[PDB]
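Close look at the chain arrangement
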Amino acid sequence: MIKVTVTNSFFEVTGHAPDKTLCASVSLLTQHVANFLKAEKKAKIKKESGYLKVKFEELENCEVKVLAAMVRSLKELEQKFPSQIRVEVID
Amino acid sequence: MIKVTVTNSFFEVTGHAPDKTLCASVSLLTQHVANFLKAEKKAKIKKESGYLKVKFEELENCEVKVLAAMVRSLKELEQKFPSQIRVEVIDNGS
């Protein structure tokens, strides 16, 4: 089961899903957003085997809308694969 | 073969790839940018069976960079599955 935790300070991706396409798809999207934030000096990344944690730094209007779209995108998947991915957005 | 077209007015996605992981990665990444753009009213989405077309509207620095990043990533997948996906940026004028 893929676990995605998204807060105001960072987002975290752990675990794996039986579905290799769901698993490859989520790893691509999350790493994409992570690298986009890193590319513009807006985040520091921790990348290990089946683990990703992105720490936000100086987020502006642009990055906050990107993060929100990332949550949107993952929840649609959570709706379609409720037993393989779990999206928890904390306040 | 997945065909991605990028112009100054829109980006389009058509066809499918034999590899299911490639199809899903592309569909998710492209719909993600499309969803991002629509949320802030910067794009209109035409979504069909094996067809996606996103028409831009008043793009600012933010989306230009998000879009450039989407292309960069698709060109990267193009490198990995050369027979399964084609990314065409149509540069017209002079």
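Residues numbered from 1 in each chain as written, not as in the entry; some residues may be left out. Chains lettered and ligands numbered in written order. Heavy atoms only, no water.

Structure determination for this entry, per the PDB record, employed X-ray crystallography and reached 2.00 Å resolution.

1. A closer look at the overall build of chain A
The number of helices and strands found in chain A is 2 helices and 5 strands. Element order for chain A, N to C, with α for helix and β for strand: β-β-α-β-β-α-β. For 91 residues, the compact-globule estimate of 2.2 N^0.38 gives 12 Å, and chain A sits close to it at 12 Å. Dimensions of chain A, computed from C-alpha atoms along their principal axes, come out at roughly 35 × 25 × 20 Å. Taking all contacts inside chain A whose residues are at least 6 apart in sequence as the whole, residues at least 24 apart take part in 51%. (Helix = DSSP H or I, 4+ residues; strand = E, 2+ residues; numbered from the N terminus. Rg over C-alpha atoms; globule rule 2.2 N^0.38 Å. Contact = heavy atoms within 4.5 Å.)

2. Some thoughts on the packing of helix α2 (residues 61-80) of chain A against helix α1 (residues 20-39) of chain B
Two packed helices can be described by the angle between their axes and the distance between those axes. Running from N to C, α2 of chain A and α1 of chain B point in directions that differ by 125 degrees, and their axes come no closer than 9 Å. As far as their axial angle goes, α1 of chain B and α2 of chain A are oblique. When the axes of α2 of chain A and α1 of chain B are compared, the crossing they make is right-handed. Facing α2 of chain A, whose interface residues are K65, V66, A69, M70, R72, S73, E76 and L77 of chain A, α1 of chain B presents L28, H32, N35, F36 and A39 of chain B. Of the residues that constitute the contact of α2 of chain A with α1 of chain B, the class distribution is 7 nonpolar, 3 polar and 3 charged. (Axes fitted to C-alpha atoms, helices over the stretch in contact; angles between N-to-C directions. Parallel < 35°, antiparallel > 145°, perpendicular 65-115°, else oblique. Left-handed = near helix turned anticlockwise from the far one by under 90°. Nonpolar A, V, L, I, M, F, W, Y, C, P; charged D, E, K, R; others polar.)

3. A few points about the sheet that holds strand β3 (residues 43-48) of chain B
All names here are of chain B. A sheet is described by the order of its strands in space; here 5 strands give the open sequence β3-β4-β2-β1-β5, paired in mixed fashion. In the strand order of this sheet, the two ends are held by β3 and β5 (85-89), each with one partner. Ignoring strand direction, the axes of neighbouring strands in this sheet form an average angle of 10 degrees. The sheet contact formed by strand β2 (residues 10-14) and strand β4 (residues 51-56) spans 5 bridges and is antiparallel. Opposite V13, over in β4, you have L52 as the bridge partner. In this fold α1 packs onto β1 (2-6), β2, β3, β4 and β5, with an angle of close to 145 degrees to the strand it touches most, β3. Seen against the sheet, helix α2 (residues 61-80) touches β1, β2, β4 and β5 and runs at an angle of roughly 140 degrees to β5. (Pairing = 2+ DSSP bridges.)

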